[PDB]
Amino acid sequence: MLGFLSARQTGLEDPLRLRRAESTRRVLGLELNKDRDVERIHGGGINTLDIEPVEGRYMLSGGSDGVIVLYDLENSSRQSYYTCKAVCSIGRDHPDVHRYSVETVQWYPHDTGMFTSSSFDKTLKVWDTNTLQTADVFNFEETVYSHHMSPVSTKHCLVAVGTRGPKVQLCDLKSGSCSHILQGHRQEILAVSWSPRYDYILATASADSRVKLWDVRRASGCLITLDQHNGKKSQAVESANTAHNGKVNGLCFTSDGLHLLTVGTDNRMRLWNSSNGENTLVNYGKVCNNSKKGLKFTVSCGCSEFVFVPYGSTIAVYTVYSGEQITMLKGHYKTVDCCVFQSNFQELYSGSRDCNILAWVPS
Amino acid sequence: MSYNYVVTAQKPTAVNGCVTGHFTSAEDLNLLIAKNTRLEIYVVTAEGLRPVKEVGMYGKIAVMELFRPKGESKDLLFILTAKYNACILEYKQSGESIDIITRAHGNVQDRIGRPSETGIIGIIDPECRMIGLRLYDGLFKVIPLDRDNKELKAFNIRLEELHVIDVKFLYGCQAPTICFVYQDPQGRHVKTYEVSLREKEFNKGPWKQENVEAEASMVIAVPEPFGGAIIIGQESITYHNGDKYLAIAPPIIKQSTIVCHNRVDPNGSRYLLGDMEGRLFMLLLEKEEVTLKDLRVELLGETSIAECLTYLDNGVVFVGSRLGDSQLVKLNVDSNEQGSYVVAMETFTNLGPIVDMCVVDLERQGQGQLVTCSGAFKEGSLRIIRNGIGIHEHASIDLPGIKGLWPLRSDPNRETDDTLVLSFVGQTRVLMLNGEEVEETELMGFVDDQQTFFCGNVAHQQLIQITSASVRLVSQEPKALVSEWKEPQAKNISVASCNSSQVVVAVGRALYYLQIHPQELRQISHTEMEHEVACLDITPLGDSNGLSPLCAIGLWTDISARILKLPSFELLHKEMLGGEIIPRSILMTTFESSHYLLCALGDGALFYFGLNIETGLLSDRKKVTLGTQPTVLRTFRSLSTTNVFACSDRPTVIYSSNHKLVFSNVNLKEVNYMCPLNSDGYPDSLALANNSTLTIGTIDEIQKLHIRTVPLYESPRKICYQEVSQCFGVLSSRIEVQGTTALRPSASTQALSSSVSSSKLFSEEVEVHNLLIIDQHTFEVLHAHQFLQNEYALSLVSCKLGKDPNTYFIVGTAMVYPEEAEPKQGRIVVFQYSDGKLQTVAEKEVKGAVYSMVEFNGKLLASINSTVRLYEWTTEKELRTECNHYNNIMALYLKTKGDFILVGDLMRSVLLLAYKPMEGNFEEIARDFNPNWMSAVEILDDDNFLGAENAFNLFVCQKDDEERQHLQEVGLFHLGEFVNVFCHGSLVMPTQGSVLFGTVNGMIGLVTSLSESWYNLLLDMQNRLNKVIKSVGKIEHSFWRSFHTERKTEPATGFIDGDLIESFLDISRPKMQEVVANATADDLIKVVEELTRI
Amino acid sequence: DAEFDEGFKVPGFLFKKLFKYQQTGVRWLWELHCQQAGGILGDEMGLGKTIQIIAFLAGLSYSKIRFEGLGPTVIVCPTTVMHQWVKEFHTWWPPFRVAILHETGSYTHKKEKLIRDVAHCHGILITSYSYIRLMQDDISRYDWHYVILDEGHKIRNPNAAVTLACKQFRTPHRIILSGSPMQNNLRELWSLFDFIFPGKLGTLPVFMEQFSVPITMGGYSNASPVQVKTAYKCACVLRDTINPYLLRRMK
DNA sequence: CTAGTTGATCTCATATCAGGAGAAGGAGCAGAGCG
């Protein structure tokens, strides 16, 4: 590493080299945090986490008990040991608390003054973070499994919602219009994710073992349907062209948005060319998941790319483009529901059914 | 909010890219050199390089390629900036005026994308059908050129190979074909695609992928007769044309990797190849009838470590170095009897990577003097930089009240100035100065009872003298006075002027024109003007005949610089100057382009105008205020051109470089008079008269910054000055290969005395690290203490600790073994320099690399890998831990002011630590919680902490319940340089404080604090100059200085780009008037001049 | 010539005839074409919608932007105005081949041959709504480029056979010309917007529950003030939702 | 050939406790029998 510093000082290597190499080295040295703790407030398992995209300081967490906790991750104390204190809380005494489990919570991109939370109580609530009051509510005829706002859209502010209905709802923040729907799936839509690269590209994964990419501006259904075999087993499109041999319960675009990682209940993760949906045939081995709802997993950013997938009661870290298994982060006592990656310091926060949020820091 | 003023003391000198072509004209051969933000356009003459233009981009020039579209007469220049401003520039010369017009421009940044590892590649189709840009992984950006854009609308083609090493456009292809080496997990392969501009996608290339060397890193597209590509790898050079596959593995290129290449010929039968060691190879393609028969590589010789190299013509190669001085070398057909055909013709100074520096008030003056660890591996050196011309005096004669100096050739045969005439109050004094001997003698033909207003050598092997009463034309060869002219009314002469042919004398309000002829003084033109005369000059410029056709005068009570028609003494032009002080000096001089008229007042004001040989009309008035005393201007022809010396209480050498007037200081006390002198012993020497004596010195170069060079031949790393010992401690590093062997005699291996580290604490090519003690007068390596095997000396501090009186050199080291990523071992060694030897006074084995040390109130503050600890120096002379702080990723940079410690982290960016002395432990005052990767830190005030981010940004944090622990970045600024060092001090004798900084490219910049009043005024001017000055790539200044990182971008704030402000003097009056719409302009000249003085 | 954003040129002599609002409509139609979305030229009766469509198609074929320029388009209009469309096309853009699929017609052979000829010749097939219902087997096998429906409010009944027939065209470029694209209730608006852009207003049950009951029930005389405000809320939502795809200029 | 008249037929649109008996399945236990 002194070689890295010397090369940076002498201009031999771009500082990009040291930055990304050290980010990768930090991610590889991920371990149970020696001096860090997260305050425990959820009475039930944490189903979702979200660190705000700008300044990466505050973290939302939705629990199976319906409460939403807002933590400050910064060590505002002077000690080397600190607990990520809870700033705010939609608790059981809040007038607008979710009646059932919160399954997805997401900070509004471009601004930390608002966030959103969807629950199995058939509601997507939009909260003002300052007053901590519901600015808007979007009711659905069937329970919400996931939702996502575009991390890129300066123009549109649509929330793509996947419920147990076979339709992907698009709730417009502007002129409150939840009527827009996308047809083409056949069972519950367990995951939805906007492309970080393209403004109007949305990937949706449903229990019909299919993943569809939509240009929501378009009037002609999905753009691409992901196919495991790319055409080896080709059939008229009524039941073929499946992404997995089970329910596809997790989506994650890579950092650049040029590839898509789909995890399904066939104990398989697959990497897809996001421009034509071709399977890249990256192996990843066997990725154990049996979750009946959406599975939240994230990818690394700003490194020389990693994907952190909940794997039983562990976090499996894989190399996205080679599939090589890095490691198992092993500190949870029950199945891990979500993991969210802090890209500023290569940190990880994992929420599981054991009512714990565990922080993994580079050693 | 904080108010800071950043300015460039030394422009970047490291050459990141150079191309050659016909840019300035269809017939000229240009060498365009990109230094980081400066673009230098040269013309390749038969000898050397004649600069024509130097423009400053608002951008780091990442790509630079010359291309000739169909129909274009001369090359256009494509520039891509690091911030991805693309522009196509054309050179349009309109007579005297030179412009760089932006034929097109745009911004090609994709909103997201992984910037590619190998870096920005920009290639152009040889038929100029498109520009390919590889900026990000997985994409290949295409800018079509047949479609004449003005916005360079660019489109991405998804490139399925995500790690492309290098790419070129192949030659002789029906369609634009790229050939690239890319890395996939199975190895490196060379693949080809054809780019289809209409389908906006790739198509199958002419020749299939080929599996190549593991480190194949360079692709050379070979011109049309051959076509195909040459892939240079670490160990082999391979050639591909689709069916032909030649390969050679010359052992001679195995020692180092080839990093730059260049095609010597137009048909590519020969290529120059530069490697990281500085060797220069010639790759030859031997043809057969046409196909290619075989490849050869031969080692031409050695150069500076080339970043880029260009073949100009006639064997002349420009070697562009980022790490050393760039070179202009020659390729001889035959060896120099030592195996090398390379012969260095010229060397261009490069303050290479300035890795550390100190400002030492060496010479015990009041002026700082930077001493920089510049350069790198073979090119390492210490550069000593000062803002002075450098009198370099050789003799003196204590003669008081010398009001006149003129060089004389008393010996007829000699053309040398071997005599000097002097006027003091009322008489004339001659000095012989034969060789080095100086004496006071009398020369025939001169009156010692009347003062000498002027005298000099003239044509016809004649001398001439203008005294207060008459003029005496001395016939040097035959005898004493034979032609003498006396004013008919016996009125005294008030002012005189003369040249090699003619004369113009002022008597009262009247002017007389005399022409010197053999044994004759003929009066022709005469007049009695409006007011008294003040100053005159008739020096012919671009004479070519023997006579000057113009005249310059200064008058009284109508303070103005007038021009006259010599044969008739009519009034040609008038520029009104004003004031209550009469003009004192008027001179007309050629400054690199044309004729300028320099007129000065008695208050140090000085006006330079652009004069014409036909009308005599002064244009582009610009005024500059030098000195607080009267000035006189004397002309001396140096090696290059004429340079004028403003003689005053602030003597200044005013010359022009790069077609602009830049003023160089001379740092002696005062200079009343000067005259040039070239005696048999004194070449191109001066003769500076002051009130007391006559100092006889030469001036080396007049470049504003004088740069000495102390070649170390090894990479220096740190430098600290020990005044009591009169030496610099310099940590150096040399690369030895095998037990081990030095590849060359470095300064460490050639010390007076030496020593080796014998420590009991810890029990290819490797870096040997030494502590060099360097004499601060002669800069010879007095001592070289070599450190342990596998020990990296990182930090070095000079200080005295505790209570003992000795001054110590304290070195912090780390143990580097290839099996590890972070040193776990390291030590702090305390040395004392005495009796020319370096004894080891103490040691302290620590458990990490000691990245930084600062002496902290008599205690030693070191930063071991992630812990910052304070050591006490016990009476026992050992270091004892006192307190620690552990809350860091890696404390790389430490600074101090009082009880506060600024810790720059590798990536948490600053933490204001306070050593609370009553308790004896550290306390985190505040922290900046942004993830800025630091390169240096500094403390400006009690509450301002400057930091340099690794993305070429400067930011200022300011000490702001728990939100009081958040330092606020109140200043943001994209510098465009990778700052390596901040240091308090200034190179010179409104603004508060002064922090110098050195960069990787060789910029030396200077940060200073402004007040709110000044800051507001200058920010408003900055906005208006952006509204007025037109940038080369039509880049916005605000965009250029916007704080930029891959995850953040903000407009600058709290920072004044002093460069943009100081460009306010380089604009003509109408544009200036536009700038200052809403107080008067001369007021802002006061401000900007006062700012440039810092 | 008039040059629009990317590659669309409409001839100068043709452009000059059009009024300001008509060429604004041509601009809007081509923005829809770029978006590959349908629309409703809601300009009232007499403002000129045949001319706007003719000019836009003329500029689309002229601009040379599967289909090079203009493909085979089908115009469904009431029986009384088929020859009107023929006359307007002939006078405004005579280069187009404009055949009528009707008993009156001009062909004098098997109709299916006429549809085949127009499909393979990239001509304009003007037909009636009754024929679209009757010949839905043949009319949708040919990959038409434009399915302009003149007086497309005939599609207002979502369950009528004509509506189900007209909603079989695969192309995205669906245009309705009707100066009154709402006549009895919001179900009609849903039917039309299902034709031009199937997704915006969701499934008919959802559209009913979200818009029809709130907006309609707040217009009754006995509406409570809160219910009136809810209807206002829903009407504003719907107006914002349908703004980009409805171009309705008044007289 | 070839247009105009005549009937049939379809679509679409206009509001407001005092049974009993037997057969088929599944359930739980019990044991036998073999790896």
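Protein chains in written order, with the authors' numbering: chain a, 1 to 304, 306 to 364; chain d, 1 to 289, 295 to 743, 748 to 772, 784 to 980, 986 to 1014, 1023 to 1111, 1124 to 1139; chain b, 490 to 554, 562 to 747. All residues carry an ideal CB built from backbone N, CA and C; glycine is no exception.
- A residue is called buried when at least 16 other Cβ atoms come within 10 angstroms of its Cβ; residue 449 of chain d does not meet this threshold and is exposed.
- Residues 449, 450, 479 of the same chain have their beta carbon placed closer than 8 Å to that of residue 485 of chain d, with the five preceding and five following residues left out of the count.
- Comparing C-alpha distances from residue 822 of chain d to each of d:616, d:758, d:16, d:897 shows the shortest one belongs to d:897.
- In the DSSP assignment, residue 189 of chain d forms a beta bridge with d:182, d:211.
- Three or more beta-carbon pairs separated by less than 8 Å link the stretch 1071-1081 of chain d to the stretch 994-1012 of chain d, which places the two stretches in contact.
- Closer than 9 Å to the CB of residue 230 of chain a there is not a single CB belonging to chain d.
- Residues of the stretch 173-195 of chain a that bring their beta carbon within less than 8 Å of a beta carbon in chain b comprise 174, 175, 176, 177, 178, 179, 180, 181, 182, 183, in sequence order.
- Residue pairing of residue 259 of chain a in beta bridges, as defined by DSSP: a:273.
- Distances from the alpha-carbon of residue 62 of chain d to those of d:53, d:816, d:51, d:83 put d:83 closest.
- Residue pairing by DSSP places residue 191 of chain a opposite a:205 in a beta bridge.
- Counting every other CB atom within 10 Å of its CB across the protein chains shown gives residue 907 of chain d a total of 16 or more, marking it as buried.
- In the three-state reduction of the DSSP assignment, residue 650 of chain b falls in the helix class.
- Contact of residue 219 of chain a with chain b by beta-carbon distance below 9 Å involves 524, 525, 526, 527, 668, 670, 692, 693, 694, 695, 696.
- None of the residues of the stretch 66-94 of chain d has a beta carbon lying less than 8 Å from any beta carbon of chain a.
- Scanning chain d for C-beta atoms nearer than 7 Å to the C-beta of residue 1 of chain a yields 841, 842, reported in chain order.
- Legend: CB atoms of the stretch 702-719 of chain b lying less than 8 Å from CB atoms of chain a belong to residues 702, 703, 706, 707.
- Contact check for residue 668 of chain d against residue 638 of chain d fails: the beta carbons are separated by 9 Å or more.
- Residues of the stretch 1024-1047 of chain d that bring their beta carbon within less than 7 Å of a beta carbon in chain a comprise 1033, in sequence order.
- Each residue's CA atom was taken as its position, placing residue 203 of chain d and residue 178 of chain d some 10 Å apart.
- The count of Cβ pairs closer than 8 Å, one atom from the stretch 619-633 of chain b and one from the stretch 581-600 of chain b, reaches three, so the stretches are in contact.
- Put simply, the backbone Cα of residue 977 of chain d is about 6 Å away from that of residue 992 of chain d.
- None of the residues of the stretch 126-137 of chain a has a beta carbon lying less than 7 Å from any beta carbon of chain d.
- Between residue 955 of chain d and residue 1004 of chain d, the gap from beta carbon to beta carbon is short of 9 Å.
- DSSP assignment within the stretch 504-533 of chain b yields the following whole alpha helix (DSSP H) runs of 4 residues or more, N-terminal first: 509-524.
- Going by DSSP, residue 331 of chain d is part of no alpha helix (DSSP H) but of the beta strand (DSSP E) stretching over 331-336.
- Around the C-beta of residue 731 of chain d, fewer than 16 other C-beta atoms lie within 10 Å, and the residue is accordingly described as exposed.
- Within the model, the alpha-carbon separation for residue 73 of chain d versus residue 141 of chain d is close to 27 Å.
- Boundaries of the alpha helix (DSSP H) around residue 723 of chain b: 721-738.
- For the pair residue 512 of chain b and residue 745 of chain b, the Cα-to-Cα distance works out to about 12 Å.
- Taking the Cα of residue 36 of chain a as reference, the smallest distance to any Cα among a:78, a:16, a:12 is reached at a:78.
- Taking a C-beta distance under 9 Å as the contact criterion, residue 214 of chain d and residue 181 of chain d do not qualify as a contact pair.
- Shortest Cα-Cα distance from residue 878 of chain d to any of d:835, d:925, d:818 involves d:818.
- Closest by C-alpha distance to residue 577 of chain b, out of b:538, b:549, b:603, is b:538.
- Note that the C-beta distance between residue 296 of chain a and residue 340 of chain a is below 9 Å.
- With fewer than 16 other CB atoms across the displayed protein chains lying within 10 angstroms of its CB, residue 245 of chain d is exposed.
- When 8 Å is used as the limit between beta carbons, residue 699 of chain b is near these residues of chain a: 167, 181, in chain order.
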